[PDB]
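Chains as they are written, first to last, in the authors' numbering: chain A, 485 to 725; chain B, 485 to 580; chain C, 1790 to 1934; chain D, 1886 to 2030.
Using N, Cα and C, we set each Cβ at its ideal position, and we do this for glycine too.
Quick look at the structure:
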């Protein structure tokens, strides 16, 4: 996708949208099949007659260039393409509608929607995405991505408590192994520094723990409050936009 | 402050004035709490739904952007902000 | 290469200091991967500083443990080595194993004179009550016959 | 005990043959009335042992520095003995290396003691510590302006 995007004067996510767009209309096209058709020709001796023989590349590259012309005319962003690559999208037909006049005026009315709103357009794509989606996969997806960060913060505290227990055990061992040692600066003046330097590591691990506990509390507060999706707030967001 | 200032097209002392400005109004905001809320998300696998869950960042960043709009409209310098961050300032009310 | 350098410095320098070096990938797909070499340059400079600060002087020990300890070995299966290999010069494909750790056998005409490293007892040479040696690492093993 | 500076003791089976560096009197070798040597710095300390070891018996021994020194780099206070001949605490001792040496950078007129601890003499160090004439302690230091 990056090399096809830089071959034209395009962006990587726009080409990654357009190839997946063309992955549905004209289902003979596949990006794997496109790479296999590239690797069939361009051998140890490439030439122009090898392209004249292998006409599916001459179909597929012009087929790509048509959707590139449509994306340059309608001036599509990457999230504009990603909104139409939703599995039902505009709900007139399924995902990735074919390039007819119907699509090519749907994009015109879509650009009129982007002109009328006088707000940030990513707000419009989020509102339009909740109008396309169902607010049942979205809520469970937020719960999954919420329990993921609960799991990660709990795993970080469980991994730091092991190192704190290790440092505490080694300090207890080095305190238990110390005796009177009537040579003080020859022999006793090596365990005191070796304990006092690890005391600072204990203070640093407690300083990390006293903020990761705040991370747990803020997570468990911001995750036990995802209840209020009631489907009437989206038209309120439209009246805001 | 330097990385937030270079994230926008701002100066470092202007952002250091505006965060201390917002440290007083809406006392739930703290720069330490802002860094902790950044470090809660953006884990080994960050995504956009993790921001959709953690709505205090979505409050605090828009709250910062409001004072950025006020500082760009009034065209505040760093010592203009530092004069209003005096502990009584204009003496109509307290600081900030 | 940077991951090689990290995994090689984690041999000498312990893993309590090389933690936050190569956690994140410097590549950014949303841009064209710009400033990805700066992340590698910083994370090699920080690695090099970890190496130059926290590299310590080795304390070398040359220890000669001959195989006159099979007579000493475990006191339940002990044997004389020269006598038993004289016994193994004829009557092929036998075995008098000491243990599964220390033994002298031959499966084929090749004979095996095995020796456990824990049975060497090299941590008794520089024991406790003098405080040194968190880790003991073998540097080089040479053989005389 | 001779003194708290120079003594021979054993707290455990480990015996300690301590030795003060100020009691060595190395500033009398190149004295006044010839004008040189603002500072005298120890370059390298190697030990010889005129003991009998025979074919393959090893001596375990240490060396430590006792005084205060904020300039010994990392692990340069210690040195181990394994041969009995004129040896140091490095494999293939080389002065033309980028690293320092053990005991490198210690003044002559210091109040630190060279400790010279042997390990457990109740163990295999017996009959090795019996035949002990003395300890030679080849000292190589640097006089510089």
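Going by C-alpha positions, residue 1941 of chain D is about 22 Å away from residue 2001 of chain D.
By the 16-neighbour rule on beta-carbons within 10 angstroms, residue 509 of chain B is exposed. Residue contact with chain A for residue 520 of chain B: present (Cβ-Cβ distance below 8 Å to some residue of chain A).
For residue 696 of chain A, the closest alpha carbon among the candidates A:685, A:663, A:601 and A:635 is that of A:635. In this structure, residue 533 of chain B keeps its C-beta atom at 8 Å or more from the C-beta atom of residue 524 of chain B. One thing to note: residue 568 of chain B has its Cβ within 8 Å of the Cβ of residue 574 of chain B. Residues are counted here when their Cβ sits less than 7 Å from a Cβ of chain C; for the region 1971–2000 of chain D these are 1974, 1975, 1976 and 1987, given in chain order.
Around the C-beta of residue 1962 of chain D, 16 or more other C-beta atoms lie within 10 Å, and the residue is accordingly described as buried. If you check the CB distance, residue 1833 of chain C and residue 1794 of chain C come in under 8 Å. Across the structure, residue 660 of chain A and residue 1910 of chain D are spaced so that their CA atoms are roughly 39 Å apart.
In the displayed model, residue 635 of chain A falls within a helix according to three-state DSSP.
In this structure residue 2016 of chain D does not touch residue 1971 of chain D by the C-beta definition: roughly 18 Å separates them, more than the 8 Å allowed. Pairing residue 540 of chain A with residue 488 of chain A, the inter-Cα distance amounts to about 18 Å. The beta carbon of residue 2028 of chain D sits closer than 7 Å to those of 1915, 1921, 1922 and 1925, all from its chain and outside the five residues before and after it, given in chain order.
Approximately 11 Å separates the beta-carbon atoms of residue 1927 of chain D and residue 1954 of chain D; this is outside 8 Å, ruling out the contact.
Taking the beta carbon of residue 661 of chain A as reference, the chain C residues within 9 Å of it are 1917, 1918 and 1920, listed in sequence order. Assignment of residue 1992 of chain D by DSSP, reduced to helix, strand and coil, places it in the strand class.
Around the beta carbon of residue 1862 of chain C, 16 or more other beta carbons lie within 10 angstroms, which makes this residue buried. Beta-carbon to beta-carbon, residue 1815 of chain C and residue 1825 of chain C are separated by about 4 Å, close enough to satisfy the 8 Å threshold.
Closest in alpha carbon position to residue 2013 of chain D, among D:1945, D:1929 and D:1890, is D:1945.
Non-local beta-carbon contacts of residue 583 of chain A in its own chain, meaning distances under 8 Å to residues more than five positions away in sequence, involve 509, 550, 551 and 554 in chain order. Residue state for residue 593 of chain A is assigned as helix, using DSSP reduced to three classes. Going by DSSP, residue 1900 of chain C is part of the beta strand (DSSP E) stretching over 1900–1902. Residue contact check for residue 566 of chain A against chain C: no CB pair falls below 8 Å. Taking 8 Å as the cut-off, the beta carbon of residue 1906 of chain D is found closer than this to the beta carbon of residue 1995 of chain D.
Close to residue 670 of chain A, with beta-carbon spacing below 7 Å, are these residues of chain D in chain order: 1951, 1998 and 2000. Taking all protein chains shown into account, residue 1893 of chain C has 16 or more neighbouring C-beta atoms within 10 Å of its C-beta and is therefore buried.
Apart from sequence neighbours up to five positions away, the residues of its chain that approach residue 501 of chain B with a beta-carbon distance below 7 Å are 562, 565, 566 and 569, ordered along the chain. For the region 672–697 of chain A, the beta-carbon criterion of a distance under 7 Å to any beta-carbon of chain C is satisfied by 674 and 675.
Residue-level contact check: residue 1945 of chain D touches chain C, since one or more beta carbons of chain C fall below 8 Å from its beta carbon. With respect to residue 1877 of chain C, residue 1868 of chain C sits apart: the two C-beta atoms are not nearer than 8 Å. About 7 Å separates the Cβ atoms of residue 1964 of chain D and residue 1988 of chain D, confirming a contact at the 8 Å cut-off. With fewer than 16 other CB atoms across the displayed protein chains lying within 10 angstroms of its CB, residue 664 of chain A is exposed. In this structure, DSSP gives residue 654 of chain A a helical state, which the three-state scheme calls helix. Residue burial annotation: residue 2004 of chain D is buried, with at least 16 other C-beta atoms found within 10 angstroms of its C-beta.
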